[PDB]
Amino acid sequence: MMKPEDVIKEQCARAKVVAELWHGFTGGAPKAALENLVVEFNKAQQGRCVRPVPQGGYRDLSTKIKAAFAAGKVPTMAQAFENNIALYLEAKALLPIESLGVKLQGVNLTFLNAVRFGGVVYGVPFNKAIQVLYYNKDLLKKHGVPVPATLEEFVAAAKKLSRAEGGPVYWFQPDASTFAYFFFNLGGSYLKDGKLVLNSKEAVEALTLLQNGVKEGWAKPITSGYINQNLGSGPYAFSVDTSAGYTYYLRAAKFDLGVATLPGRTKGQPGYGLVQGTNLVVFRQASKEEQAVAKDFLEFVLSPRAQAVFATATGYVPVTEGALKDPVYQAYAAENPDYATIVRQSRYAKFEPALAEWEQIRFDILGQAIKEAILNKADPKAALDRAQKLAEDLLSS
């Protein structure tokens, strides 16, 4: 049956110039909203079009971009994390954005700062997400437990509900993204006078908090799929998870889903969330005509309506001031207090390091330590000491 990618295919077959955009959206609301955005853009051009090409997941995309370098042909544009941008700048692969003529006035300074390398912007914030606290409104009401506003209330609530339901009710992936929440909110930072450190006392404390949660019966490790693909077996109260998960949790949940700001050290402020999602980069190899399509496409992506529509469709955070003044954004915020909660959460935001090696480290070295500690009951300090050695050895090579 006809789909957006068929409309795009036809638009691009008729186009005189096609700028390929390589992305990591495997489906769901993110892929649909990317494709909707592109259809709209392509309609307004006269045979100057973007062609989205799915490369799989984010890791699959960065592997395929690496392979594209080695075959000597890259797309016009791709999604990239900040650390992927640092790696692409080692090959001088990327065009400065402002040079293209993309205006970045009114882009979230948090987002603009993350894509600025030696003071030059190399990425356009596109699909930016923040961690939020997903919760089961039914299950908290069932036991008279308030939505926890502090890490202390969160622990207390997880223990109270786990005892009542006979099962661990805080669900989490044993991964670098989850670790980041507890780490940042315990005072952790990864760079110590510019050196990457995985085994600082806050890192040990954060990984020890999670392991103790599993041993005390209040934290449930999710070993297989996303948290929202595990719902329905046993009691669920809480997860800390990307706002881009919103639509997946909504579809999956057989209970009344809640979205809250993250528990923090005090009721003064929500906790910091990890910023995830990606920026758009433009490859130097692209033709003049392909770069001009990239320019107009990046200008369209940053428009208030494109941002309003994309962010309300997905639970991504609008990247511009102007998006919050767009009536489409405003109507959705009015009907759904979760949009507003997600934006409010976007104000308390921390990033991972932008090192070229950070992808490999976060998955294969830090992610593996966290797994060893959570699933194989490794001593948290021992597991992070090893991670630090392996990280040091990788950087040295």
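All residue numbers are counted from 1 along the displayed sequence.
- Task: Could you check the entry and say whether 217 to 225 or 68 to 76 has the higher mean CA B-factor?
- Result: Per the PDB entry, the higher value belongs to 68 to 76.
- Check the entry's C-alpha temperature factors for 93 to 101 and 189 to 197, then say which stretch has the higher mean. Result of the comparison: 93 to 101.
- Message: Per the entry's Cα B factor values, which of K137, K267, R305, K159 stands out as the maximum?
- Response: Checking the PDB record, the top C-alpha B-factor among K137, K267, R305, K159 is at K267.
- Would you mind checking which of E359, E352, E35, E335 has the top Cα temperature factor in the PDB entry? Of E359, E352, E35, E335, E335 has the highest C-alpha B-factor.
- Message: Going by the CA temperature factor in the PDB record, which third of the chain does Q45 belong to: lowest, middle or highest?
- Response: It falls in the top third of the chain.
- Task: Would you please rank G119 by its C-alpha temperature factor against the other modelled residues of its chain and give the third it falls in: lowest, middle or highest?
- Result: Its C-alpha B-factor, which the entry lists for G119, ranks in the highest third among residues of this chain.
- Would the CA B-factor of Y88 place it in the lowest, middle or highest third of its chain? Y88: CA B-factor falls in the highest third of its chain.
- Item | CA B-factor placement of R163, once the chain's modelled residues are sorted into thirds | Highest third - that is where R163 ends up once the chain's C-alpha B-factors are sorted.
- Query: What third of its chain, lowest, middle or highest, does the C-alpha temperature factor of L112 fall into?
  - Reply: It belongs to the highest third of the chain when residues are ordered by C-alpha B-factor.
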